[PDB]
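Okay, so here's just one chain, in structure tokens, the form deposited in one PDB entry.
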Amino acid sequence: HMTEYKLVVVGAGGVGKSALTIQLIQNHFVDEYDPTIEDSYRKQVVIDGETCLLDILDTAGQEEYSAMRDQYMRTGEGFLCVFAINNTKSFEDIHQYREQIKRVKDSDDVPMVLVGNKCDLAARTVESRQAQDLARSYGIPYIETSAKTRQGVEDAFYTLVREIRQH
């Protein structure tokens, strides 16, 4: 049996967080997606020469079901805490998402990664340095990704798989 990594995407709604996982799962020249099918959330990958399976949970759209976070969150080995670089509120919400993950996992050390997504050509309101500082305070990596161009996506996920392996 190959190693299967259960990853959980968390973050504010209404700011394109769904793009991150979509762009990972779909091929680089395949812009089609059917969230209905099984292949749409499981992906075989080779990271640092060691093959594995990535099972990704992104509940994009279910933000109002706030009492379901703990349940959804407890299923994960590692977490992608996503915010939008054009939305300060989504950045300000990461502190609580992280405090929730820690409370659910009953641990101060949870494999976790901070992701700053650029979902449109709207004005950046969060400077990479603010985000890099925050990630350092928490002691986790920071990755920036582009929804338009697929830049950063693979690094965001692979950095988390590396964080799980080194835990």
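Definition used throughout: the rigid core is the maximal C-alpha set that superposes within 1.5 Å between two forms. Numbers follow the displayed sequence, beginning with 1.
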{"query": "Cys119 dropped in a third or more of the other entries", "finding": "yes"}
{"query": "Gap at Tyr65 across at least one third of the other PDB entries", "finding": "yes"}
{"query": "Higher-scoring stretch by recorded Cα B factor average, 1-9 or 157-165", "finding": "1-9"}
{"query": "Given 31-39 and 128-136, the range whose Cα B-factors average higher in the PDB entry", "finding": "31-39"}
{"query": "Maximum C-alpha temperature factor, selected from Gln100, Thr59, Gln44, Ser66", "finding": "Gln44"}
{"query": "Chain thirds of CA B-factor: placement of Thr88", "finding": "lowest"}
{"query": "Position of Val110 among the chain's modelled residues by C-alpha B-factor, lowest, middle or highest third", "finding": "highest"}
{"query": "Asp120 by Cα B-factor - lowest, middle or highest third of the modelled chain", "finding": "highest"}
{"query": "Assigned third (lowest, middle, highest) for the C-alpha B factor of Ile143", "finding": "lowest"}
{"query": "Among modelled residues of the same chain, the CA temperature factor third for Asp55", "finding": "middle"}
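From this point on, the text means the form deposited in another entry, which you will not see here.
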query	finding
Position with Cα shift of 2 Å or more, rigid core superposed between this form and the one not shown, options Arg42, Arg136, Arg103, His28	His28
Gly152: Cα shift of 2 Å or greater between this form and the one not shown (core-aligned)	no
Rigid core superposition, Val15 Cα moves 2 angstroms or more between this form and the one not shown	yes
Threshold 2 Å Cα movement between this form and the one not shown at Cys119, rigid core reference	yes
Cα-Cα shift for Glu144 and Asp120, closer or farther in the other entry, minimum 3 Å	closer
CA-CA separation of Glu32 and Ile47, closer or farther in the other entry than in the form shown [shift of 3 angstroms or more]	farther
